[PDB]
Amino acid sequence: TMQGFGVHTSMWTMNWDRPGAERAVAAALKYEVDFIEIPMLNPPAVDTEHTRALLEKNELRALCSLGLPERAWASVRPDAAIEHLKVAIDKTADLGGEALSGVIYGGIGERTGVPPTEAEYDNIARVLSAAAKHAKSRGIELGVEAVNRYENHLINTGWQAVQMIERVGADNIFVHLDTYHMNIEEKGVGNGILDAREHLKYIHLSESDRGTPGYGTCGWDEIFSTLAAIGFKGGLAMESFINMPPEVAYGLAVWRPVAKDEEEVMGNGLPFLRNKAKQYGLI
């Protein structure tokens, strides 16, 4: 159950191969973070032994995240989804990760053009119920990330995520919020935190344009005050799309640079967020 400050390793690696894992872990140490979030674009290819050894040796905690590929979108292909999640759960457990989070209930790019249906939600609950069983067997939790309306039409708000967790009735699925998505979806950004308060264990601290935290439109004081007020003790994960590989960036609608360089994003954004977390007593 993640605690403290971490970073999504997108800024150094989206391909978690051997040199990529090395590079990301090194950056994590340079910035003195408490954990890393490992994107698993291709869970089969991950060398669990190498990553486990790296995390243990540097006393770094980790969790993993993914989005389901189209061949495995839970809403329409629930059997493939369960298969894909079971592989990723095993990989996360093996490398020492404490959770698999993200868009584990569908894909980036899902859109029917109409509101989400009970049939879609039924398939998703089937998938999550099975994956949660499997995750319990490996000693990890699952995280359901609310993302904005353009990426997925099924779970966009903290309240929708909580409704899905109530539908599944498991005890090892938590809510994962992202300030970039909440900046679009939440009716006042604090309401996403309020609505998920009983299940919120992880939040991406990401600026409104995916650039440098502190230098966009996210309401950071409301965000941090509300996290402190609900007693949030989970993971604070800085995320920025700076230096993302072009192929991955284009898929997430990055048509232009989100910030100047890593020096700008990490050198201004990370102190901003740590200072805010101290200011409001999260630490």
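Don't overthink the numbering: it's just position in the shown sequence, from 1.
- For the pair 116-124 and 156-164, the mean B factor over Cα atoms is greater in 116-124.
- Mean C-alpha B-factor is higher over 170-178 than over the other stretch, the pair under comparison being 190-198 and 170-178.
- Ranking 44, 234, 69, 214 by Cα temperature factor from the entry places 44 first.
- Within the group 65, 226, 48, 240, the record's highest C-alpha temperature factor is found at 48.
- Sorting the modelled residues of the chain by their CA temperature factor places residue 110 in the middle third.
- Ranked against the other modelled residues of its chain, the C-alpha B-factor of residue 94 as given in the entry falls in the highest third.
- Sorting the modelled residues of the chain by their CA temperature factor places residue 265 in the middle third.
- Split the chain's modelled residues into thirds by C-alpha temperature factor. Residue 100 is in the middle one.
- Per the deposited record, the Cα B-factor of residue 32 falls in the middle third when ranked against the other modelled residues of its chain.
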